[PDB]
Amino acid sequence: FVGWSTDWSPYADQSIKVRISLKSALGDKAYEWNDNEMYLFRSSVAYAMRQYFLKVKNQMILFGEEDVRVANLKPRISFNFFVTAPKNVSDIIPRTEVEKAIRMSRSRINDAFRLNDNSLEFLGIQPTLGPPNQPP
Amino acid sequence: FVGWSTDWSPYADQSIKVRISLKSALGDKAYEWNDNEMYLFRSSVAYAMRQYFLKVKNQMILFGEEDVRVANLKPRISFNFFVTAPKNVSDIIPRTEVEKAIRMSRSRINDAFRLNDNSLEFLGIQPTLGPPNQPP
Amino acid sequence: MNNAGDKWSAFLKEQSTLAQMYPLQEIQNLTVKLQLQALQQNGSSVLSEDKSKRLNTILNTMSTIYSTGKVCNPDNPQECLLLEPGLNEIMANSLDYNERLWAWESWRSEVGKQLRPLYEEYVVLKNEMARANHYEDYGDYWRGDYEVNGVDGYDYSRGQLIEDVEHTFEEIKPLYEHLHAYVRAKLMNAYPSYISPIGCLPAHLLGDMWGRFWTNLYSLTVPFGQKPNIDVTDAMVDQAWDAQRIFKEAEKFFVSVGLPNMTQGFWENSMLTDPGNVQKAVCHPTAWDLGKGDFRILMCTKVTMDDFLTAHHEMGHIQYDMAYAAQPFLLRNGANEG
Ligand SMILES: *[C@@H]1O[C@H](CO)[C@@H](O[C@@H]2O[C@H](CO)[C@@H](O[C@@H]3O[C@H](CO[C@H]4O[C@H](CO[C@H]5O[C@H](CO)[C@@H](O)[C@H](O)[C@@H]5O)[C@@H](O)[C@H](O[C@H]5O[C@H](CO)[C@@H](O)[C@H](O)[C@@H]5O)[C@@H]4O)[C@@H](O)[C@H](O[C@H]4O[C@H](CO)[C@@H](O)[C@H](O)[C@@H]4O)[C@@H]3O)[C@H](O)[C@H]2NC(C)=O)[C@H](O)[C@H]1NC(C)=O
Ligand SMILES: *[C@@H]1O[C@H](CO)[C@@H](O[C@@H]2O[C@H](CO)[C@@H](O[C@@H]3O[C@H](CO[C@H]4O[C@H](CO[C@H]5O[C@H](CO)[C@@H](O)[C@H](O)[C@@H]5O)[C@@H](O)[C@H](O[C@H]5O[C@H](CO)[C@@H](O)[C@H](O)[C@@H]5O)[C@@H]4O)[C@@H](O)[C@H](O[C@H]4O[C@H](CO)[C@@H](O)[C@H](O)[C@@H]4O)[C@@H]3O)[C@H](O)[C@H]2NC(C)=O)[C@H](O)[C@H]1NC(C)=O
Ligand SMILES: *[C@@H]1O[C@H](CO)[C@@H](O[C@@H]2O[C@H](CO)[C@@H](O)[C@H](O)[C@H]2NC(C)=O)[C@H](O)[C@H]1NC(C)=O
Ligand SMILES: *[C@@H]1O[C@H](CO)[C@@H](O)[C@H](O)[C@H]1NC(C)=O
Ligand SMILES: *[C@@H]1O[C@H](CO)[C@@H](O)[C@H](O)[C@H]1NC(C)=O
Ligand SMILES: *[C@H]1O[C@H](CO)[C@@H](O)[C@H](O)[C@H]1NC(C)=O
Ligand SMILES: *[C@H]1O[C@H](CO)[C@@H](O)[C@H](O)[C@H]1NC(C)=O
């Protein structure tokens with residue numbers, strides 16, 4: 001293949017793609033996705049990372065809203081984010097740990113935006129519906 | 001009165017007191033209020049301030065989690081916070097504007113922590129129940 | 001003066017290097033040991049060349065930042081107010097809460113912010129030097145001025161100073177609380193709705209820039225303002241008191257208690273009066289002990305009661321300097337810095 005694509009990078013494997021459907025889960029009375037909503041989303045992701053690193057690895061890492069880098073924002077509200085080290089951009093948290101962190105605190109992220117597991121798709125993290133307990 | 005109290009300050013009028021009751025609104029399955037929860041709360045407050053300054057005064061101000069200063073944390077989960085200028089501590093947003101911002105986006109703050117207007121009391125901002133519409 | 005000071009400093013440093021040949025572990029003479037301690041302190045010579053240069057650079061930078069600190073209105077950056085003129089007048093004369101607050105905050109945001117990183121580096125370097133001189137911290141090096149060892153009953157440890165100061169301040173506190181309460185009550189009437197009767201005093205309402213002195217607050221806290229204070233300046237003017245006889249009166253006061261007279265050359269070499277505009281000289285009242293029985297006073301003395309008291313103060317300094325003239329040059333100083 002002759003040429004190159006300006007979208008592939010050696011660290012692009014670590015990106016996690018988020019797709020948000022505001023007007024399907026809420027219908028009317030649905031807020032618009034401006035920069036403040038992106039700030040809140042990055043804060044929620046950083047909070048989830050903090051919770052995972054505190055409750056599993058027993059490490060206190062001060063993540064922030066600037067450590068969740070977001071790209072490829074589109075009107076569907078579907079972007080790619082990756083979480084780096086607190087003050088060291090060259091270090092990227094591996095995607096497995098980020099997926100575990102999202103799984104641990106997905107309910108809180110869902111509640112922060114009033115979305116339920118179908119309008120907030122992380123495209124690689126699939127929810128579990130729950131076993132259907134049987135009568136005696 | 002002879003002596004002085006180490007808790008009064010000329011800027012103490014601008015503080016807003018928050019009282020949180022986790023184990024009454026949730027009973028069981030209630031998370032603990034560690035530092036990550038405080039980080040999320042400050043992020044939510046900064047988001048509310050951004051929304052108010054964008055949708056009312058038409059000013060784009062980059063608030064952050066460091067611009068919501070919190071003091072007097074106690075096991076009841078009742079503290080005092082005030083919001084300052086984005087990168088200028090000497091400037092304090094007047095309490096009236098902060099109250100308006102909280103009123104505008106109180107539902108989002110309530111949803112972020114799964115609390116409903118009774119377990120998250122801002123002690124000065126009272127909610128409105130809603131008019132009871134009458135039959136014909 | 002720069003050449004003379006450099007020569008003196010070089011001589012002191014080389015003599016300090018030479019003094020290391022006699023350790024204190026074998027000196028049995030108290031006076032000789034004290035002179036050895038005075039001439040043996042390495043000081044800043046114990047650090048490396050890079051560290052010493054960095055320390056001098058940051059010290060000079062902080063001094064220049066403090067000296068050149070100016071508050072400028074953003075509307076017109078050309079016009080600025082310095083610390084010594086105007087800004088002190090604003091803090092010591094204005095009765096406007098907002099104006100004093102602006103002056104205070106501007107001074108502490110235009111100078112302090114520029115000094116914070118330099119001060120962090122200064123703290124680290126001073127700690128390094130003190131540890132290199134067998135001191136736990138630089139504060140211990142400062143407290144060492146009151147250290148006494150090897151003198152029975154009179155020994156004093158560097159850690160004893162902190163406890164003594166805290167114990168003394170605990171006894172001072174009852175008086176300071178009442179003074180603070182009275183000052184707060186009196187200030188409630190001059191800055192209403194800003195001074196809480198239950199809380200503390202805002203920092204910018206203490207008559208001075210930093211609150212170090214409450215003297216300028218006197219006009220707002222005088223107990224009985226209808227009774228004038230004791231002033232004798234006009235009495236001096238009526239009796240034609242020049243800046244030559246007040247020093248004679250102070251000398252008579254000193255001799256009345258048995259202290260010796262003044263030296264013959266003191267009056268001739270002194271500058272008890274301002275030299276006018278022809279000769280440029282400083283005006284801070286200072287006492288100079290040049291040595292070999294040469295004691296002088298420099299003062300742009302006016303005709304004022306405060307000038308009389310300052311002349312008495314400088315004559316006290318002069319008498320103290322004269323008292324220990326027979327002592328070795330290394331011992332020609334007070335018992336401590338106070
Ligand atoms: C911000 O985050 C970034 C991350 O993005 C971070 O950058 C990293 O910093 C660490 C710490 O300095 C770096 O780790 C160093 O790497 C040096 C590079 O030399 C080595 O490079 C190869 C590394 O492979 C390792 O892992 C593989 C798989 O496990 C293993 O097989 C390797 O053996 C090695 O352990 C390695 O291939 C390479 O090979 C040399 O030797 C082989 C023979 O073994 C020879 O055949 C090769 O030709 C070559 O000569 C080499 O080993 C490395 O020098 C350095 O090691 C020194 O220090 C450690 C202690 O720290 C000693 O144990 C060791 O003996 C050496 O003295 C260390 O391993 C990492 O590479 C950075 N990554 C990037 C992308 O930059 C920043 O530091 C962060 N910044 C802040 C401020 O936090
Ligand atoms: C970070 O945030 C902090 C906030 O905490 C911010 O600090 C503020 O910065 C602004 C801008 O520089 C400051 O505003 C300046 O204030 C200067 C102070 O002098 C005035 O102080 C009193 C202010 O009262 C004002 O408001 C009242 C009520 O509306 C009004 O009555 C007053 O007239 C005045 O408008 C004032 O009382 C005082 O009075 C003087 O004059 C009276 C006669 O009128 C006399 O009787 C008094 O004795 C006294 O001499 C004085 O007016 C002020 O100098 C300055 O004004 C200059 O610039 C403006 C343009 O900017 C011109 O219009 C004006 O003519 C002057 O040239 C300006 O008003 C504010 O005080 C700061 N507050 C604090 C707490 O520090 C920082 O800047 C922020 N930092 C960053 C990086 O963003
Ligand atoms: C410590 O040394 C000093 C200095 O020698 C002694 O003080 C006197 O100093 C003069 C002038 O230098 C000498 O002429 C005397 O011989 C010194 N001794 C006396 C007794 O006058 C001081 O005495 C010495 N201290 C002790 C304890 O011997
Ligand atoms: C001063 O420095 C020298 C070496 O530079 C060292 O031997 C000595 O112990 C230090 N202290 C004194 C008091 O001389
Ligand atoms: C002391 O000095 C004053 C003036 O300086 C002089 O009048 C007086 O005579 C002197 N004392 C003696 C004993 O001469
Ligand atoms: C689905 O299963 C996971 C574990 O596999 C569990 O944590 C999650 O709560 C389940 N979802 C339910 C019960 O709704
Ligand atoms: C209560 O009234 C306010 C306006 O006064 C309104 O915004 C709010 O939604 C009301 N609460 C309801 C309808 O539950």
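Here, residue 1 is simply the first one shown, and the rest follow in order.
The backbone N, Cα and C atoms fix where each Cβ goes, and this holds for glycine too.
According to DSSP, C:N29 (N-linked glycosylation site) is assigned to coil rather than to any helix or strand. Around C:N29 (N-linked glycosylation site), taking its Cβ as the centre, 9 other Cβ atoms fall within 10 Å, counting all chains. Feature annotation from Swiss-Prot assigns N-linked glycosylation site to C:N29 (among others).
When secondary structure is read from DSSP and collapsed to three states, C:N42 (N-linked glycosylation site) falls in the coil class. The N-linked glycosylation site annotation in Swiss-Prot covers C:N42 (among others).
As annotated by Swiss-Prot, disulfide bond applies to C:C72-C:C80 (among others). Long-range C-beta contacts of C:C80 (disulfide bond), restricted to its own chain and to partners at least six residues apart, with a cutoff below 8 Å, comprise C:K70, C:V71, C:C72, C:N73. Secondary structure from DSSP puts C:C80 (disulfide bond) in a beta strand.
Taken from Swiss-Prot, the feature N-linked glycosylation site covers C:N261 (among others). According to DSSP, C:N261 (N-linked glycosylation site) sits in a coil region rather than a helix or strand. Cβ neighbour count for C:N261 (N-linked glycosylation site): 10 (other Cβ atoms within 10 Å of its Cβ, all protein chains included).
Classification of C:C300 (disulfide bond) by DSSP places it in coil, neither helical nor stranded. The disulfide bond feature in Swiss-Prot is assigned to C:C283-C:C300 (among others); the stated evidence is experimental evidence.
Look at Swiss-Prot and you will find C:292-296 tagged as region 'Interaction with SARS-CoV spike glycoprotein'. Same-chain residues lying 6+ beyond the ends of the region 'Interaction with SARS-CoV spike glycoprotein' (C:292-296) with a Cβ under 8 Å from its Cβ atoms: 263, 265-266, 269-271, 318, 321-322, 325.
Sequence annotations record features per position, and here Swiss-Prot assigns active site, proton acceptor to C:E314. When secondary structure is read from DSSP and collapsed to three states, C:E314 (active site, proton acceptor) falls in the helix class. When Cβ atoms from all protein chains are considered, those within 10 Å of C:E314 (active site, proton acceptor) total 20, not counting its own.
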Name, in order along the sequence, the recorded positions among C:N29, C:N42, C:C80, C:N261, C:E314 with a Cβ closer than 8 Å to any chain A Cβ.
none
Which one is it, among the recorded positions C:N29, C:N261, C:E314, that lies nearest to C:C283 (disulfide bond) by Cα separation?
C:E314
Going by Cα-Cα distance, which of the recorded positions (C:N42, C:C300, C:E314) sits nearest to C:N29 (N-linked glycosylation site)?
C:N42
Distance-selected recorded positions near ligand 5 (C-beta under 6 Å), from C:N29, C:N261, C:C283, C:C300:
C:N261
Inter-residue Cα distance where the pair is C:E314 (active site, proton acceptor) and C:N261 (N-linked glycosylation site), in Å:
15
Quick check for the class: what is the C-alpha distance, in angstrom and rounded, between C:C300 (disulfide bond) and C:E314 (active site, proton acceptor)?
12
Recorded positions whose CB lies under 6 angstroms from ligand 4, from C:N42, C:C72, C:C283, C:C300, C:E314:
C:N42
Taking the Cβ of C:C300 (disulfide bond) as centre, how many other Cβ atoms lie within 10 Å?
16
